[PDB]
């Protein structure tokens, strides 16, 4: 069949090799997508350094790499174009250059045979999911990718702004009128301001990243389109959260059947609630013993292993309550009310 270097000149073949050498990375459409985000985020921190010597050299140290990512991209674009005319000519106008490149590269190194019109639609779904993950995980850092996390992230910087502005007695309109141009904090003021946008963007990415997932939850392609028009982003998150608690299979049946389903048995449900009470009860025991620390962890470990209950998550607990209320498990429902 075909291999990675199909439709690729030897001049291009050599470029990829040379580049990966100085770039010190394994060249892949996604890996390039990653570095680009990493480098974008980098250029912004550069501005702050202060030592004009560093910022000057550092800024060019990046401009060089970005120039490399591109000349690597030009190579991929050529290979993809050829690849499509040769193999998927009727579909060549149905996808974007980036999309094509991704598909082209995946077929060569990660596929036996060829997708085939219909199958070529699915592979793009893969990139759409991969790309979002990488972006959100990068900017959030140790925040778990979630609407609540994104909010928490921008608020951290919103606060950083309000405070730095008060420090200089500058207003929101002042910074809009560029009153801060010649201050020491200016660069910081702009940095924060930009970070706010960074997370406005993340919020959009997330919505797309969800949309693609939620599409797989609806069997009725039409029923989906309808649901999509009435719901906002917050409502969409509640579904994702709801999905990760009941798993995909169940969740799918739930919204098309319209009937509720319990993740746990009545017995198990009772057990879990009781344990939750044990942890909270032993969560404020002053000067905890080594055992008290072990028992605390021993219970969590069991809960998660045996039942699939993530006390840390706190989403499992939220939907547990929802479950109890729905089936009318007063016992458990009551235990959870005592907890909250």
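Numbering follows the first chain given and starts at 1.
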Give the stretch, out of 36-44 and 278-286, with the larger mean C-alpha temperature factor in the deposited entry.
278-286
Would you determine, from the values in the PDB entry, which of 145-153 and 98-106 has the greater average C-alpha temperature factor?
98-106
If you compare 209, 191, 84, 245, which has the highest Cα B-factor in the entry?
84
Return the residue from 256, 166, 185, 159 that has the highest Cα B-factor in the entry.
256
Residue 24: CA temperature factor from the record, placed by chain third, in the lowest
Sorting the chain's CA B-factors, does residue 67 end up in the lowest, middle or highest third?
highest
Chain third (lowest, middle, highest) by recorded CA B-factor, residue given as residue 131:
lowest
Could you tell me which third, lowest, middle or highest, the C-alpha B-factor of residue 231 occupies within its chain?
highest
Would you mind checking where the Cα B-factor of residue 77 ranks among the modelled residues of its chain, as the lowest, middle or highest third?
highest
